[PDB]
Structure formats: structure tokens, C-alpha cells
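Working notes for the structure below.
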Amino acid sequence: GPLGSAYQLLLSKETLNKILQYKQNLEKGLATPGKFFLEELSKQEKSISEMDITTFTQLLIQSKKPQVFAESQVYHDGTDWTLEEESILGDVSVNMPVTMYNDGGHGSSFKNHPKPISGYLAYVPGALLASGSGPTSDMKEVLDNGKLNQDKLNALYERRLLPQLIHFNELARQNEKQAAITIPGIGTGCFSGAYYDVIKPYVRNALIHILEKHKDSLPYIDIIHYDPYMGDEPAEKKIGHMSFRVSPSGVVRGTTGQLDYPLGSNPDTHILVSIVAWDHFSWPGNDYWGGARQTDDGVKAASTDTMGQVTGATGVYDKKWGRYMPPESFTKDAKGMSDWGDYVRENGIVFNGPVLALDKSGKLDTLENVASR
Ligand SMILES: Nc1ncnc2c1ncn2[C@@H]1O[C@H](COP(=O)(O)OP(=O)(O)OC[C@H]2O[C@H](O)[C@H](O)[C@@H]2O)[C@@H](O)[C@H]1O
Ligand code: NA
Numbered sequence: 037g038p039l040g041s042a043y044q045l046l047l048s049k050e051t052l053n054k055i056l057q058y059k060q061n062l063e064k065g066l067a068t069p070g071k072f073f074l075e076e077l078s079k080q081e082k083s084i085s086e087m088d089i090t091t092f093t094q095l096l097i098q099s100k101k102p103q104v105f106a107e108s109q110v111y112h113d114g115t116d117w118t119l120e121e122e123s124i125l126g127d128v129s130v131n132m133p134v135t136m137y138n139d140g141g142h143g144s145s146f147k148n149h150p151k152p153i154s155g156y157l158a159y160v161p162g163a164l165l166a167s168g169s170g171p172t173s174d175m176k177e178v179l180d181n182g183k184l185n186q187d188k189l190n191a192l193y194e195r196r197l198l199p200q201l202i203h204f205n206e207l208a209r210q211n212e213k214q215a216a217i218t219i220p221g222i223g224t225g226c227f228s229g230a231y232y233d234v235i236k237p238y239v240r241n242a243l244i245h246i247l248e249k250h251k252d253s254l255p256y257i258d259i260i261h262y263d264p265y266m267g268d269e270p271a272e273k274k275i276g277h278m279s280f281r282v283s284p285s286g287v288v289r290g291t292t293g294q295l296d297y298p299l300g301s302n303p304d305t306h307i308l309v310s311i312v313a314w315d316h317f318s319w320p321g322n323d324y325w326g327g328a329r330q331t332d333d334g335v336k337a338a339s340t341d342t343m344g345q346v347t348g349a350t351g352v353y354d355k356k357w358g359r360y361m362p363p364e365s366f367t368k369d370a371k372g373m374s375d376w377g378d379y380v381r382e383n384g385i386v387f388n389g390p391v392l393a394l395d396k397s398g399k400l401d402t403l404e405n406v407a408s409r
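Mapping the sequence shown onto the entry's author numbering, position 96 (from 1) lands on 132, and the numbers just tick up by one.
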């Protein structure tokens, strides 16, 4: 079979149901794919009905582009993606082991790790409440006549984050360690739209609700370091056995960065995981495919070997600028037209890896297996 993939795509049981309904609607001629999904379908040979659910899902995920800003560059009307596709893509997360080269500070605030540290990233798209065009799938889902609904937002983040929490619980267990997870203010910046001034407490409440509800499934998760940067009160509380900390590093001096061990954890006792505020439509690291070390997604990708994990190439970390650069051979000359998205174009890289679903018993399994049982 294929070579091992450094990255793994996960999704919830409810997202699998949406995928099955979509696949069946296409098979019956009730749905039209978006043009980008159609483009990826046309590069393989199978009809929708002949391909299986995992291949079908992979091809939809493959329609993502290296850099695309959901808040401003998407129409939601089939000329790019449809709302039915967007509902699915927003639920898909991706994890990968990484080397972390700095603590994740934005701009020039980053602090280099003397020795690069090992851990993991889990890219998860936030609730998309911004658009340069019409309303989004997430807006339809979590707003009632324009008002945010906490219970509906809770269910959305539950769908999106629980598969990764379950994954890293099991990974901590099999590594005979506990998990420390750093989390940013997902959805509270570029994705917040008109809700910028009110969204922050909703996200913190959603995280607390998911951890309270599922604590029995997360015995190897130990520390949750939630850093909304600004706009939430510093706090520490116990959620069952788990230490949940609200540590906004934009207002409090001397907080640990997203790509660093929170207080109480170290490499011998914990695996280190950071959630990344991702994008429905882009590859992990979005902005930084275009050379921009900007936003949680672009900063964390640039500050790790994310792009090496996705492309398979060996990049070179630049200490002065806090960013993992393309291979020296690619950068040497090239007219400076040599960022990672340029690398993708000339080497025909695609984003496509293994995908698993979280079944109703709390086990990650193949789409085929979950759908049948
Ligand atoms: N200087 C800073 N240092 C640290 N955190 C900061 C800083 N400035 C803002 N934050 C916090 O960073 C947190 C994350 O805000 P965002 O990165 O916009 O994420 P989203 O989920 O809303 O938008 C996702 C889109 O943005 C990307 O392009 C993706 O690819 C998507 O296209 C917030 O708490 C900020 O307050
Ligand atoms: Na609740």
C-alpha cells in the first residue's frame, strides 16, 4: 500500500452521517458537487457509487487549497464549494507529530527553543461566523435569528474537538504518559465577524462543557492550557481530574507559549499537543503557504515542521525569522518566488491522507466500519 502518512484526518460520527447523506444525494442525482470537489473527482477514474466512503471523503478533503481564507475568499455557492461541502469540511480535523522550533509567539515575540522540542498539532476549524459573501453553514447552525446559541455552539465544538481529544488520550496511554494540551481562542479572531466583541466567553464555555461532559473518556488528559490571548479572565479550575487554565498571554506577563510545556508538565511525564485554529478550505498552515507567518494557523505551521510533514520535503528552520523555510535547493535563486505554496505547485503535492471517524462507543475506526455498525 501507500507509504505511511505523517498526518491523520479525523471526524465525528455526526460528520460521517453528513458525508453518507451527501454521497447518497450525489448518487441519486439530488446534489451537484462544487466545482473544486468536481475537479478532484475528475483526476481519478471511479464514479461516486463505485468509490467507497473513505475515498469519497479523502477526495473532498483534497479539494482544499494550500492557502485560502474562509473569512473573505469563498462564495459558498458551488462555484467553489457548496454549503453541504462546507458543513463537512469544517468538521474535519488533522493531527501530526511535529518538531517545535519556538514557543509560538506571533510577530517577533517568539522565543526560540534552545533544543527544538517534540509534540503534536491538531488542526481544527473554528465556527465560521465571517464571510465576504453570503451566510455560512456555521452561521446557519449556531445563530438563531442572528443571536449566538451556546448549546448549538457547544455541539459544534464537541463534534470537531472530541475526536482529537480521544485520539490523544489513547496516544498518551500507549506512550505511558499524560497529555498536556494548549488551546488558542479558536474562532475568536478572523472567523468571528460581527461577533468579535461577544464570542470569547462562548468558546471558553464550549471547551468547559466538552471537558465536563466527556471527562470519563479522557483519563490520560491532565492539563488544558487555554490561551485566548486577550479578553478572558485568568483562572484555574479542576474539571474532574483535569487542570483547566485560562491564561491569556497578551495581558499576563510570563505565560508559557502554545508551543511549550505548560507549568506542571515536562517531556518525561507528558506528551505536548497544541490545537490549531484551522480553515474549512485550506491545508494546515494556510497563511504560511503564501509565506506569511500570521494567525494561529500560519504561526504554528511556520514554527514547526508542519510543512515538511505535509510535503515530505526537509525544510530548514530560520532562527532569525522564526520560520521553517523550504529546502535550500528550492530557495537558492528562484527569484524569491520560493515559498511553500510555490513548492507545492512545482512538485504537484496534494493534501490527502488516512481518515478515521469517532464511533458512538468512543473508538476511532474506519469510515467503512463506523458506517456499518
Ligand atoms: N499577537 C497575537 N499573539 C497571540 N495570539 C493572538 C495574537 N493576535 C490574535 N491572537 C489570538 O489568536 C486566536 C486565534 O485567532 P485567529 O488566528 O484569527 O483564528 P480564527 O479561528 O478566528 O480564524 C481562523 C482563520 O484564520 C487563519 O487564517 C486560519 O487559517 C483561518 O483562515 C484568537 O484568540 C486571537 O485573539
Ligand atoms: Na453545559
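For every residue, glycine included, the Cβ atom is placed at its ideal position computed from N, Cα and C.
For this session: Using beta-carbon positions only, say whether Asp333 and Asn322 come within less than 7 Å of one another.
Result: yes
Problem set entry | beta strand (DSSP E) segments (min. 3 residues) lying fully within the stretch 357-394 | 359-361 and 391-394
Exercise. So, using beta-carbon positions, are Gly155 and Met136 closer together than 7 Å?
Worked result: Yes, the pair counts as a contact, with Cβ atoms nearer than the cut-off.
Exercise. Helix or strand or just coil, what does DSSP make of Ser253?
Worked result: helix
For this session: Spell out a yes or no on whether the stretch 184-203 and the stretch 240-248 are touching, meaning 3 or more CB-CB pairs, one atom from each, closer than 8 Å.
Result: Touching, yes, given that three or more Cβ pairs across the two stretches are closer than 8 Å.
Exercise. Count the other CB atoms within 10 Å of the CB of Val288; is the residue buried (16 or more) or exposed (fewer)?
Worked result: exposed
Exercise. Between the beta-carbon of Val386 and the beta-carbon of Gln94, is there less than 7 Å?
Worked result: no
Exercise. With a CB to CB cut of under 6 Å and the five nearest residues on each side skipped, what residues in its chain are close to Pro102?
Worked result: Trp319, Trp325, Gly377 and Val380
Exercise. Taking the C-alpha atoms as reference points, what is the distance between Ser78 and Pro161?
Worked result: 27 Å
Exercise. In chain order, which beta strand (DSSP E) runs of at least 3 residues are fully inside the stretch 279-318?
Worked result: 306-314, all fully within the stretch 279-318.
For this session: Measure from the alpha carbon of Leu125 to the alpha carbon of each residue in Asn138, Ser167 and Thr51, then state which is nearest.
Result: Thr51
Exercise. Beta strand (DSSP E) containing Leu46: first to last residue?
Worked result: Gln44 to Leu47
For this session: Take the Cβ of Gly293 as the centre, count every other Cβ of all protein chains shown within 10 Å, and call the residue buried at 16 or more, exposed below.
Result: buried
Exercise. Are there three or more Cβ pairs, one per stretch, closer than 8 Å when the stretch 334-352 is compared with the stretch 128-146?
Worked result: yes
Problem set entry | Cβ-Cβ distance between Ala158 and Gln200 below 7 Å | yes
Problem set entry | Alpha-carbon spacing of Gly140 relative to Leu56, whole angstroms | Going by the C-alpha atoms only, they are around 38 Å apart.
Exercise. Looking at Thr224 and ligand 1, is the gap between the Cβ and the nearest heavy atom below 6 Å?
Worked result: Relative to ligand 1, the beta carbon of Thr224 is positioned inside 6 Å of a heavy atom.
Exercise. How about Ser173 and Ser228: do their beta carbons lie closer than 7 Å?
Worked result: no
For this session: Go through its chain and collect everything with a Cβ distance to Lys273's Cβ below 6 Å, but skip five positions before and after it.
Result: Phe280
Exercise. Excluding sequence positions up to five away, which residues of its chain have a Cβ less than 6 Å from the Cβ of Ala349?
Worked result: Taken in chain order, the residues that qualify are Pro363.
Problem set entry | Closer than 6 Å: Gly221 CB and nearest ligand 1 heavy atom | yes
For this session: Specify, as a first and last residue, the run of the alpha helix (DSSP H) that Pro199 falls within.
Result: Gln186 to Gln210
For this session: Count the other CB atoms, across all protein chains shown, that sit within 10 Å of the CB of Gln60; report buried if there are 16 or more and exposed otherwise.
Result: exposed
Exercise. Three-state secondary structure (DSSP) at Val239?
Worked result: helix
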